[PDB]
Structures are given as C-alpha cells and as structure tokens.
Amino acid sequence: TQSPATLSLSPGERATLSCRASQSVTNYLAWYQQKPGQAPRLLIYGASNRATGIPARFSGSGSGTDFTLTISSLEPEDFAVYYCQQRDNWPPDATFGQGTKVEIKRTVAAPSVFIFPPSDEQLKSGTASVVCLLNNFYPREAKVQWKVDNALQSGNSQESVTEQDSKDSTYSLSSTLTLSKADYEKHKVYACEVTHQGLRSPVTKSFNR
Amino acid sequence: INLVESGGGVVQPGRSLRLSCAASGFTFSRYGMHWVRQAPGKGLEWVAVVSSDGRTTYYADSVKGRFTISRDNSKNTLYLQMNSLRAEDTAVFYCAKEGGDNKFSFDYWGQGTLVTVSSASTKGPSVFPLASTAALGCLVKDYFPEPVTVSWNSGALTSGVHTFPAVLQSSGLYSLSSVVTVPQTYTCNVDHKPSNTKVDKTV
Ligand SMILES: *O[C@H]1[C@@H](O)[C@@H](CO)O[C@@H](OC)[C@@H]1O[C@@H]1O[C@@H](C)[C@H](O)[C@@H](O)[C@H]1O
C-alpha cells in the first residue's frame with residue numbers, strides 16, 4: 001500500500017512518500033520513478049541504498065513495515081510517479097505498490113465549462129456523442145454529472161484528462177456521453193453539471209435539442 | 001548494460017505472441033530475469049521470472065498455463081511466449097534485470113513493448129466537429145488501433161490546444177477529442193497510420 005495517492009508540492013519543497021510492505025525485511029524493498037511513456041528507473045535498493053546515478057536528494061529508510069522515500073528538495077524532473085516494490089527469495093514473485101504521484105502545486109482555478117451537441121454529421125451516421133469540456137482547472141479532482149431531461153445518467157459516459165499543463169500547470173477534462181441516435185432524438189435538455197473546488201456552487205451548461 | 005524488446009503486436013484473442021528482450025553489457029547468464037507488465041492507466045504488475053541458469057521459472061496467477069518464460073543464455077535473450085491471449089492482457093510488457101548488488105530489486109529495464117489484444121479489426125476514424133472565450137474541436141471517433149495524431153492548422157496553431165488521451169469504448173473502438181480555446185479558420189489534421197487515414201477537418 002502506498003500513500004498518499006497524490007503529493008501536490010512546489011519545486012524546492014520536501015516530498016515524503018510512504019509504503020507499507022508485507023515484512024520489515026529491509027533488504028526486500030525498492031523504489032522506482034516513472035514518467036509518462038518511459039520505463040521504470042530504479043532509485044533505491046535494499047530500502048536505503050541509492051542505485052547507480054541517483055542524486056543525493058533521494059533517501060529511503062524502513063520503520064517496521066512502513067518504508068519512506070524522501071525527496072529532500074524537489075527539482076523539476078522529480079514530478080513523476082513513484083512505486084515501491086518488494087520481492088524476496090522464495091517464492092520469487094515481485095509485488096508493486098500501486099504508486100504515488102508527485103504533482104505540481106498551483107493555485108486553485110475553476111474550470112470554464114463548455115457543452116457540445118452531437119454534430120449533424122455524426123447523426124446522419126447513426127450515433128450521438130455529447131461532449132463536456134472542463135478547461136484549465138486545478139486541482140485535478142472534479143465531478144461531472146450528465147443530464148437528460150432531468151434524468152441522471154450513469155454508465156453511458158467516459159472521460160479522460162490531460163497531463164498537467166507545462167505553462168500553467170492546470171488540467172483539462174473531456175466527458176463524452178454516448179446515446180443511440182433515436183434515444184438522443186427523443187429527449188430535449190442535455191446538460192453537464194460540474195462540481196469543482198474553484199466553484200462555490202455547481203455549474204451546469206446545457207442545450208436544447 | 002542494455003535490453004532491447006521486440007515481439008509486441010496487435011492480436012486477436014486466442015492468438016499467440018512471442019516477446020523478445022536481448023541483453024548486452026553484463027553477462028546474461030549471471031542474473032535472473034523478469035517480465036513486468038503495465039496496463040493502460042495502471043501500475044507496474046509483475047508477470048514472471050526465469051532463473052539465471054534457465055531451469056526454474058515462476059508465474060503470476062493470471063498467466064499460468066498460458067505464458068511461458070524462458071531464455072537462451074548462449075544468445076543472451078530472454079523470451080515470453082504468450083498463448084491464449086485475452087483482451088485484459090493488453091499492456092506494455094517490460095523485461096527487467098535482477099539487481100547486481102541486491103537482486104530483489106530491478107536495476108535495468110528494456111524499453112518495453114506493446115501487446116494489444118482485441119476482437120476488433122483495423123479501422124480509420126470519423127472526424128466530427130465540436131462547435132469572448134470560445135472553444136471548438138474535433139471528435140476523432142471509432143478507430144482501431146492506437147494511435148492517432150492531431151494538430152491544428154498543419155502545426156501552426158498550438159497555444160490553447162488540448163488533445164485528450166484516447167478512451168476505449170465498449171465497441172472496442174477508440175475515441176478521442178481534441179479542443180482549442182480561442183479569445184479566422186480552424187482545421188484539425190488527423191492521421192491514423194494503421195489504416196492510412198489522413199483527414200483534415202475544417203471546423
Ligand atoms: O538464488 C537461488 C538459490 O537461493 C536457490 C537455492 O537456495 O533457490 C532459488 O529459488 C528456489 C534462488 O533463486 C530464486 O529464484 C530465481 C528464479 C531468482 O532469479 C532468484 O533471484 C531467487 O528469487
């Protein structure tokens with residue numbers, strides 16, 4: 001078990017991450033760093049030893065069944081995902097912590113919301129995609145609730161989020177509601193209601209078919 | 001010290017794939033080797049290991065009886081035969097080296113190779129338009145396999161652009177949206193190489 005799930009820090013701050021193992025056997029614990037699109041890079045081995053090439057700002061230690069990885073002072077390349085790992089002699093299998101993400105702290109920013117009706121193009125093709133855009137918001141946590149003629153939608157939508165923007169460090173999210181065309185054609189009001197920290201009360205964008 | 005993987009590919013369920021990971025820079029026969037997979041949006045997941053001398057293997061529950069790990073020390077290559085592939089096996093598979101000063105850790109890794117398992121067939125996408133501060137975009141829908149690229153005005157427009165990660169729909173087809181906020185003309189240039197689909201879409 002790793003935690004916290006996310007660590008919002010600024011560059012120059014100290015990052016402390018936790019990992020609870022099966023045993024306290026110091027020697028069976030390791031830490032990895034992984035950035036999007038790249039293979040894992042070993043940081044710490046044997047719970048307290050720094051691997052080849054890993055800078056001094058990375059440190060580790062174990063207290064009982066809780067291993068801590070410390071980043072004395074976060075540099076810009078340190079914002080990635082960290083996993084702890086474990087494996088002993090026999091049986092040989094390795095187990096991985098589920099990961100902790102070191103995120104760039106920024107000021108709160110409410111998302112500007114946009115709702116997009118299915119285009120006439122796709123409707124002539126047989127489907128209907130209703131899209132909900134939540135632009136440049138912070139922090140990451142945001143809840144989108146889809147609405148059709150007042151009916152709460154569940155299980156018919158999918159969303160995806162962008163990586164933290166390199167210039168402003170915010171997030172953008174897109175939620176697509178899939179309805180069959182005839183279904184779409186028999187209801188009137190479509191709305192994405194958004195809940196976010198920067199919003200004092202929920203905001204909903206909507207349109208009439 | 002190096003490891004190069006190969007063998008990843010788009011496959012239908014029930015088919016087989018063989019992954020390779022050739023090693024250079026330390027002598028292969030001295031260390032044990034493993035395969036670690038990483039599903040899309042998930043964490044590192046251990047798969048299997050093979051002993052230094054190649055005689056004792058071990059597997060994760062989810063692949064036993066189906067994948068078999070092995071190695072040819074002579075030609076410094078580790079292998080992962082993957083049979084009876086299922087849709088939930090799709091992930092990036094990395095081969096990894098047991099550490100030299102502690103081999104309970106993995107000190108080196110291959111660059112990884114993609115294994116995609118789907119009962120879907122190659123298909124080009126339909127690009128539909130999404131229409132003081134305005135937002136517009138292009139919905140790149142129903143394509144397979146990954147990936148697709150999206151640019152605006154042939155690479156000239158770049159500020160305010162957010163191209164979202166593809167999402168796998170129930171149909172087994174991918175779908176992705178690409179937006180741009182503006183405070184003229186807008187064209188999303190979409191390229192789906194697996195199917196030779198180049199589509200410019202003026203919004
Ligand atoms: O190191 C091996 C040795 O200890 C023998 C005899 O005690 O036991 C083996 O496990 C039964 C040990 O190898 C283990 O499995 C192999 C596949 C790994 O490469 C090793 O790191 C170890 O986990």
Side-chain angles (χ1 to χ4, degrees), chain A residues 19-32 34 39-52 54 60 62 65 67 83-97, chain B residues 1-5 7 18-38 43-83 89 91 93-113:
Chain A
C19 179
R20 206 210 259 348
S22 287
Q23 269 131 57
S24 46
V25 186
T26 164
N27 261 14
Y28 309 146
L29 256 278
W31 291 91
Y32 303 79
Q34 182 185 49
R41 165 65 115 85
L42 175 66
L43 298 174
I44 303 275
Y45 72 78
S48 64
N49 309 271
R50 266 151 56 205
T52 299
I54 298 302
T65 193
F67 289 71
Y83 298 94
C84 46
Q85 177 253 319
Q86 156 205 158
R87 185 181 89 88
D88 37 78
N89 210 229
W90 198 277
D93 52 314
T95 47
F96 282 96
Chain B
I1 343 106
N2 204 61
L3 299 165
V4 177
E5 314 179 24
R18 183 165 163 97
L19 265 35
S20 276
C21 165
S24 1
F26 60 107
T27 302
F28 197 47
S29 59
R30 321 174 202 202
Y31 310 73
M33 301 295 298
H34 310 232
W35 287 98
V36 173
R37 68 177 165 198
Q38 174 159 59
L44 307 173
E45 215 183 77
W46 189 76
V47 176
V49 57
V50 62
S51 78
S52 72
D53 79 320
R55 296 203 117 85
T56 68
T57 59
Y58 208 78
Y59 310 78
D61 279 22
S62 59
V63 307
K64 199 350 225 89
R66 298 167 50 243
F67 303 172
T68 94
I69 188 170
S70 61
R71 72 202 288 159
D72 183 318
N73 286 356
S74 331
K75 19 166 108 165
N76 291 170
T77 297
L78 171 73
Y79 303 101
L80 183 61
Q81 180 58 42
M82 301 185 269
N83 304 313
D89 285 308
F93 282 67
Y94 305 91
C95 50
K97 177 193 172 307
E98 250 170 55
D101 27 35
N102 173 312
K103 43 47 159 170
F104 291 123
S105 65
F106 301 114
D107 71 350
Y108 284 90
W109 302 63
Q111 92 282 0
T113 187

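Just so we're on the same page: letters track the sequence lines, and every chain starts at 1. Atoms within each ligand, like the ligands themselves, are counted from 1 in listed order. Because only heavy atoms are used, hydrogens play no part in the values below, and waters and symmetry mates are left out as well, while side chains stay in.
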Do [X] and [Y] touch side chain to side chain, with heavy atoms closer than 4.5 Å?
X	Y	value
A/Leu42	B/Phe106	no
B/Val50	B/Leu78	yes
B/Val63	B/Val47	yes

Give the atoms of ligand 1, by number and element, whose distance to some non-hydrogen atom of [X] is under 4.0 Å.
X	result
B/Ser51	17 (C)
B/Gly32	19 (O)
B/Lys103	21 (O)

Protein contact for [atom] (heavy atom, distance under 4.0 Å):
atom	result
atom 20 (C) of ligand 1	yes
atom 23 (O) of ligand 1	yes
atom 7 (O) of ligand 1	no

Where is the nearest protein heavy atom to [atom]: which residue, which atom, and how far?
atom	result
atom 18 (C) of ligand 1	B/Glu98 OE2, 3.2 Å
atom 3 (C) of ligand 1	A/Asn89 OD1, 4.7 Å
atom 11 (C) of ligand 1	A/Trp90 CE3, 3.0 Å

- Query: Who are the ring pair (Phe, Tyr, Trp, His ring centres under 6.0 Å) partners of A/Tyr83, not counting sequence neighbours?
  - Reply: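 For A/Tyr83 there are no ring pair (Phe, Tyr, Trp, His ring centres under 6.0 Å) partners, ignoring immediate neighbours.
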- Task: Can you measure from CG (A/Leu43) to OG1 (A/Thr52) and round to the nearest 0.5 angstrom?
- Result: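 Answer rounded to 0.5 Å: 12.0 Å.
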- Can a cation-pi geometry be assigned to B/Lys97 and B/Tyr31, taking NZ or CZ under 6.0 Å from the six-membered ring centre and within 45° of the ring axis?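 Judged by the rule, B/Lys97 and B/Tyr31 form a cation-pi pair.
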- Message: Within the structure, is a non-hydrogen atom of A/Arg87 found at a distance of less than 4.0 Å from ligand 1?
- Response: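 Right, A/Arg87 reaches ligand 1.
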- Message: With side chain to side chain contact (heavy atoms under 4.5 Å, CB included) as the test, pick out the partner of A/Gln85 among A/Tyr45, A/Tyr28, A/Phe96.
- Response: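 Answer after filtering A/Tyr45, A/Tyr28, A/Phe96: A/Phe96.
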